[PDB]
């Protein structure tokens, strides 16, 4: 996250840090708890990942330093990637993680509500992006979870900033015309959380962007509301 600050512990109880143990354990991507054994994240996060066995999901984490060999984690039973996904910039950058065991909800770990199709019209003015990602273009994974408040921009406006791309309605963007605040490498798969009427909804999933926090280069996120049907179909046993 660029231009953000340290989060308060428990401030984003739905945020998880997805690690890979190959070759050695490290943070791989962000993610969101949406159900007792379901994590919503980005599809591009699993490039080169052949098996769910090298994955580990940590919940209730503020600092990566908290994660050690003796820290409990959730194993991943199955990686479900949208069948139309090819790459981040083409859309469909969404994936589900079915955990081997269920998450016991508590103040430090609980689910975020999916957006409602009835809310496509509501306007969010209180949206935040979080993660342990880069704070600069050539940086490293950060220890303390970062947060940054960022305004949503219309798709018409976003498209004007990405003339070489096709910004579809299944994508949503957020950023400051002047830049300064944005998600970045390492934050991928993490949530774009917007609070409306005292309730938080998972509006987007950090997906891509030209560089990070650059002027007139809005961050691009998966428009979650467009996938609520896909999510229901994929999580329904």
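Residue numbers count along the first chain shown, from 1.
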So which stretch wins on mean C-alpha B-factor, 22 to 30 or 196 to 204?
-> 196 to 204
Higher average CA B factor in the deposited record is what I'm after, so tell me if that's 105 to 113 or 122 to 130.
-> 122 to 130
Per the entry, which of 145, 94, 99, 137 tops the list for Cα B factor?
-> 137
Tell me which of 48, 60, 189, 35 tops the list for C-alpha B factor in the record.
-> 48
Residue 44 by Cα B-factor - lowest, middle or highest third of the modelled chain = lowest
If you rank every modelled residue in this chain by C-alpha B factor, which third holds residue 232: lowest, middle or highest?
-> middle
In terms of the chain's CA B-factor thirds, is residue 158 lowest, middle or highest?
-> highest
Using the B-factor values recorded in the entry, state whether the Cα atom of residue 141 falls in the lowest, middle or highest third among the modelled residues of its chain.
-> highest
Quick one: classify residue 79 as lowest, middle or highest third of the chain based on its Cα B-factor.
-> lowest
